[PDB]
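Worksheet: the structure to be examined is printed underneath.
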Ligand SMILES: *[C@@]1(O)O[C@H](CO)[C@@H](O)[C@H](O)[C@H]1NC(C)=O
Ligand SMILES: CC(=O)N[C@@H]1[C@@H](O)[C@H](O)[C@@H](CO)O[C@H]1O
Ligand SMILES: CC(=O)N[C@@H]1[C@@H](O)[C@H](O)[C@@H](CO)O[C@H]1O
Ligand SMILES: CC(=O)N[C@@H]1[C@@H](O)[C@H](O)[C@@H](CO)O[C@H]1O
Ligand SMILES: [Ca+2]
Ligand SMILES: [Ca+2]
Ligand SMILES: [Ca+2]
Ligand SMILES: [Ca+2]
Ligand SMILES: [Ca+2]
Ligand SMILES: [Ca+2]
Ligand SMILES: [Ca+2]
Ligand SMILES: [Ca+2]
């Protein structure tokens with residue numbers, strides 16, 4: 134496989150390598166707070182883990198959309214790749230099992246810590262898009 | 051540095067913690083202890099403020115950093131409570147008679163109220179949602195509420211006769227009035243000694259705690275019947291001597307300061323979010 | 052309905068239905084209860100008129116809100132007949148009636164399957180932990196003696212009614228817990244009382260209790276271990292009774308929310 | 052906010068709005084101040100009833116416009132209190148109260164951060180141009196004693212109070228400017244006066260000042276090089292007050308384009324405490 | 052290997068043992084504590100004989116359950132000595148003895164380790180949060196005089212005893228919290244009192260408290276930010292005291308399910324302050 138793609142690519146013809154669970158995502162584990170205060174008791178934003186070939190994103194809202202318009206809070210998470218993939222087979226499941234238990238998380242600059250005690254609803258109105 | 055705008059904050063979940071910084075808070079900030087005026091009567095001293103301030107030096111606070119004030123009772127403290135310094139904690143006795151009035155003071159100082167003036171003579175009044183209350187304080191408040199209809203006629207009241215009005219308060223130093231939300235009302239505040247004020251609550255206050263000295267532990271800080279939470283900064287301790295009450299506060303400064311925080315309004319970053 | 056047989060599967064990721072709270076208002080009733088002195092301080096004649104105009108703002112129709120009263124906790128508890136769709140009560144806190152407010156809320160908030168008792172002819176034991184004896188009437192004086200295997204009294208005489216061991220003297224409502232397994236001879240005042248053999252089930256969801264006054268005093272269980280506070284054992288503080296009714300009219304969407312229908 | 056220290060980036064090709072002015076009128080308040088010598092000439096017990104319907108035809112709803120009243124510039128300077136979201140002030144000019152109009156307009160139109168002063172016990176100084184000693188009360192005479200390096204006095208025996216020199220006399224609002232960097236000693240009559248060590252901030256946004264009659268003469272900046280005329284300083288020539296109140300209600304929108312309601316202070320005070 | 056602290060490794064697949072709650076009723080003992088006004092209301096002598104038949108139904112033998120009595124909370128708290136395996140004393144609520152009930156449950160529900168004190172020779176200080184000063188006797192009157200780093204009093208003279216601060220007078224049990232880290236001087240009237248310092252190790256497992264009537268007040272932790280309610284705190288409401296006794300005989304499995312054996316009673320705790 135590798136000596137055939139060595140020769141096709143040396144003449145400028147189209148090549149291709151077939152992978153099983155390719156390491157396309159660099160390791161990243163962080164968060165984003167769209168609403169915060171120094172008490173850290175009314176928050177909103179997303180958390181994610183990108184590692185290997187797996188994305189687990191989870192959005193939270195402490196008020197549970199009590200003052201949102203039509204009681205709906207919108208979330209979004211955009212992951213750019215490094216190389217263009219072709220003909221992928223992707224499994225999508227409606228729960229982030231890693232962001233489901235109570236934990237304490239440091240602040241953005243490492244100053245203080247804040248507490249996150251989740252209960253989990255189902256995701257409403259899911260849309261996954263594949264851009265080029 | 052971009053005072054008005056809201057901007058999101060990102061940050062990694064793998065970052066080393068900072069130092070302890072509980073010490074440096076004691077070097078800079080202030081502290082106010084409040085007590086009823088009969089506490090100093092049992093103490094029988096004119097140097098016990100000097101005596102306590104020697105004991106706060108052990109826990110890191112400097113000499114001129116801790117301030118002491120007085121009040122007579124919670125009925126006369128509540129005609130004008132204003133909290134000045136950075137951190138403070140108030141001390142109140144338990145009265146079985148003053149059930150609601152302990153809950154009024156713990157409503158007024160533990161939350162944060164955005165307030166607009168009112169004019170009883172000129173307009174007709176209503177409450178918009180669940181966060182709208184009518185806070186009224188003064189020497190002697192007496193409030194009578196005449197609800198109107200969609201044609202501005204009285205419901206149970208005559209809009210000319212003030213006797214057919216409907217009373218919610220009698221000669222109180224402070225009132226927080228909850229009426230039904232969405233109905234125009236007609237009002238009878240005795241404005242010579244009282245001052246009604248259209249208020250609206252934001253998020254609560256972070257720098258004051260309340261120590262309920264003695265009794266049971268009941269305080270309805272909220273407005274509904276269906277819940278009544280007991281937050282972090284309201285607490286209770288038993289008593290026989292007011293010396294032992296004061297020794298417990300001086301010993302456990304580091305826990306009481308930990309339960310409260312700095313007032314988020316007081317910072318620079320709230321410059322157009324209502325407090326520079 | 053409810054079914055212990057006949058399993059119901061259902062699924063997930065089905066769409067949430069629309070808010071049916073408004074249709075719940077149009078096809079239901081609501082019945083408030085107040086002690087008699089609450090109507091005394093108000094001293095209006097048409098105060099039932101001026102409240103029904105205010106329930107109409109929140110969506111309740113003009114034929115669904117009913118007002119009933121009682122004298123005190125001692126007189127309401129002779130036979131509480133609660134039969135509206137939704138019910139809430141307003142109990143004024145008395146310090147010495149601390150044991151009677153727990154006995155009423157035990158009777159109101161939970162279901163009870165009851166059975167008669169013949170004091171003259173039979174001997175009665177309690178089988179279950181959830182087996183209790185409820186006696187109502189005008190003046191209940193209950194005297195209990197335990198029993199050995201040989202049908203002989205333990206600390207009493209089965210002939211002499213003076214040597215018995217009483218648990219109640221002249222009370223309108225008594226809930227009696229006795230150790231389980233032992234038979235008993237009873238001696239009650241049957242002329243002004245009616246003791247029965249009731250059995251506890253799950254809670255009643257069409258009733259709710261708003262305590263009006265001092266602190267939480269509610270052990271509606273029988274063991275000393277647990278004393279829970281559920282969704283609808285709530286409490287306020289008062290200075291004027293006319294202010295208390297404004298809070299109930301305003302926050303109907305939270306009081307109706309923590310309770311269910313008869314079905 | 053927790054995150055002011057980030058940059059914001061916007062394009063120079065985006066689209067405008069539909070002009071959000073009617074949303075400003077419906078969800079805001081307005082408090083116009085006036086001296087008590089208006090209401091004698093006004094001669095009505097329903098002119099608050101009258102004018103509040105004339106604000107309806109501009110877009111303001113009923114329960115939004117409030118009217119409040121003082122008696123002169125002297126008795127308003129004791130405690131200026133701003134209550135609602137918008138505040139326009141009507142004041143009348145004379146020749147004698149010349150400094151006292153610039154004193155009042157400085158405190159109102161600018162934000163201040165005031166600490167208190169224990170003048171009996173300690174010796175105080177001013178650290179740059181931007182702090183002043185703002186004292187207010189019923190009546191207080193202030194006398195100052197500059198000191199040298201060695202705590203000795205210059206031109207003033209530090210024990211005698213009659214050797215001190217005078218800077219105020221029975222004034223309701225005093226803003227003192229002394230030499231920045233010299234330790235002093237004070238003689239405020241503290242029984243009727245509260246002096247405060249206080250620092251200037253950015254200008255207060257929402258409040259506007261309209262003077263009635265007389266020329267445009269106001270010094271807000273402490274230095275004599277600069278005497279600026281900001282966008283919230285106006286003047287109107289008067290003969291009757293009914294022309295004045297009609298002029299304000301007819302040109303509400305020109306005044307709203309200037310004041311910017313984002314700066315409410317949640318309190319009713321005119322300064323900040325040691326916050 | 053009596054004093055060595057070796058770890059243990061156990062699996063997560065071991066099958067459970069049998070029920071065991073009917074063997075504990077055979078071997079162990081039980082003690083009841085009631086105020087002496089109980090037997091006044093009972094009007095019986097054979098009620099000790101009566102109830103011992105009722106414990107036999109639930110599984111206890113005839114010689115296991117012991118009955119002890121006291122007069123009031125004040126006189127029981129002079130020296131509470133609790134000897135049997137499982138101890139259950141129910142106290143009566145008093146609105147005025149609110150601190151004295153919670154000082155009793157601080158002793159009983161926890162376990163203290165105590166060192167003696169000599170007031171005449173030495174000056175005392177408390178090292179951390181666990182050090183409290185437990186004094187009990189016929190009449191205890193404790194006076195404190197804090198000292199600086201030079202052995203001089205702060206607000207007190209070390210020669211005059213009237214200037215001393217006062218924390219209690221004429222009680223049967225006093226638990227005293229002072230500022231941790233300051234040398235003090237004491238004035239306990241040790242003719243009828245006996246003070247010794249103690250530090251809290253952990254909870255005393257084999258004893259429960261059943262409050263009889265009244266609201267929920269109890270504060271173990273002499274700490275304002277913490278007032279925990281453990282599982283061995285119970286409250287019931289009373290009208291008669293037969294119904295109290297049928298309740299505790301009925302639910303003996305639930306009283307004993309929430310309290311274990313005393314960890315210091317075992318032969319395991321050999322050199323870890325046994326019993
Ligand atoms: C603190 O001294 O040390 C930390 C690492 O040991 C360091 O991150 C931080 O800068 C220091 N903070 C201060 C100023 O005390
Ligand atoms: C009033 C309301 O909430 N709107 C819903 C709407 O969302 C829904 O699509 C429609 C059909 O079910 O029924 C309406 O009642
Ligand atoms: C002149 C103008 O801008 N018109 C648009 C109007 O057509 C649009 O429907 C409205 C929606 O908010 O916004 C306005 O800005
Ligand atoms: C529950 C079970 O089957 N286990 C047995 C039990 O039946 C038996 O009574 C007991 C005697 O000690 O020994 C257990 O292992
Ligand atoms: Ca009426
Ligand atoms: Ca309301
Ligand atoms: Ca007997
Ligand atoms: Ca039973
Ligand atoms: Ca001179
Ligand atoms: Ca200067
Ligand atoms: Ca002294
Ligand atoms: Ca201590």
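Protein chains in written order, with the entry's author numbering: chain L, 134 to 265; chain l, 51 to 326; chain m, 52 to 314; chain k, 52 to 326; chain n, 52 to 326.
We treat Cβ as the ideally placed atom computed from N, Cα and C, and that holds for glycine.
- Using a Cβ-Cβ cut-off of 8 Å, residue 150 of chain l counts as an interface residue toward chain m, since at least one Cβ of chain m sits closer than that to its own.
- The beta carbon of residue 205 of chain m sits closer than 8 Å to some beta carbon of chain n.
- Taking every protein chain shown into account, the CB of residue 82 of chain m has 16 or more other CB atoms within 10 angstroms, so this residue is buried.
- Secondary-structure assignment with DSSP links residue 164 of chain L through a beta bridge to L/180, l/61.
- Excluding the 5 residues flanking it on each side, residue 182 of chain n has same chain C-beta neighbours closer than 8 Å at 231, 248, 249, 250, in chain order.
- Taking the Cβ of residue 216 of chain m as the reference point, at least one heavy atom of ligand 7 falls within a distance shorter than 7 Å.
- Of all residues in the region 54-72 of chain l, only 58, 59, 60, 61, 62, 63, 64, 65, 66, 67, 68 come within less than 7 Å of chain L when Cβ atoms are compared, listed by chain position.
- In the DSSP assignment, residue 262 of chain k forms a beta bridge with k/142, k/286.
- If you ignore the 5 residues before and after residue 261 of chain k, its C-beta comes within less than 8 Å of the C-beta of 139, 140, 141, 142, 285, 286, 287, 299, all in its own chain and listed in chain order.
- The way I'd put it, the region 184-196 of chain L does touch the region 141-158 of chain L; three or more beta-carbon pairs between them come closer than 8 Å.
- With a beta-carbon spacing of about 6 Å, residue 276 of chain n and residue 306 of chain l fall inside the 8 Å limit used to define contacts.
- DSSP places residue 93 of chain k in the uninterrupted alpha helix (DSSP H) bounded by 87-93.
- Residue 243 of chain L reaches chain l at 61, 65, 66, 67, 68, counting residues in chain order whose Cβ is nearer than 9 Å.
- Rounded to the nearest whole angstrom, the CA to CA distance from residue 109 of chain k to residue 117 of chain m is 47 Å.
- Close to residue 97 of chain n, with beta-carbon spacing below 8 Å, are these residues of chain m in chain order: 206.
- Inclusion of residue 161 of chain k and residue 269 of chain k in the CB contact set at 8 Å is not warranted, their separation being larger than that value.
- Three or more pairs of CB atoms, one per stretch, sit closer than 8 Å, so the region 185-194 of chain l contacts the region 212-219 of chain l.
- Inclusion of residue 68 of chain l in the 7 Å shell around ligand 1 follows from its C-beta lying nearer than that to a non-hydrogen atom of the ligand.
- With a cutoff of 8 Å on beta-carbon distance, residue 158 of chain m and residue 124 of chain m are scored as not near each other.
- At a threshold of 7 Å, residue 100 of chain m does not count as near ligand 5, since its beta carbon sits no closer than that to any of the ligand's heavy atoms.
- Cβ-Cβ distances below 6 Å link residue 92 of chain k to 292 in the same chain, with the five nearest sequence neighbours on each side left out; the list follows chain order.
- Of the candidates n/171, n/244, n/135, n/173, the residue whose Cα lies closest to the Cα of residue 316 of chain n is n/135.
- Measuring C-alpha to C-alpha distances from residue 79 of chain n to each of n/312, n/326, n/320 identifies n/312 as the nearest.
- By the Cβ test, the region 161-169 of chain L is in contact with the region 53-63 of chain l, since at least three Cβ pairs between them sit closer than 8 Å.
- Contact annotation for residue 173 of chain l against chain k: 113, 114 [CB-CB distance below 7 Å, chain order].
- DSSP places residue 312 of chain k in the coil class of the three-state scheme, outside both helix and strand.
- Counting other Cβ atoms within 10 Å of its Cβ, residue 197 of chain m reaches 16 or more and is therefore classed as buried.
- In chain order, 285, 286 make up the part of chain m whose C-beta sits under 8 Å from the C-beta of residue 278 of chain l.
- The three-state reading of DSSP puts residue 156 of chain l in helix, counting H, G and I together.
- Between the alpha carbons of residue 207 of chain m and residue 213 of chain m lies a gap of roughly 9 Å.
- Comparing alpha-carbon positions, the option among m/176, m/280, m/58 lying closest to residue 199 of chain m turns out to be m/176.
- Put simply, the CB of residue 238 of chain l is far from chain n, with every gap to its CB atoms at 8 Å or more.
- Not one heavy atom of ligand 6 is found less than 7 Å from the C-beta of residue 299 of chain m.
- Under the three-state reduction of DSSP, residue 247 of chain m is assigned to strand.
- Within the region 149-170 of chain L, the residues whose Cβ lies closer than 7 Å to any Cβ of chain l are, in chain order, 162, 163, 164, 165, 166, 167, 169, 170.
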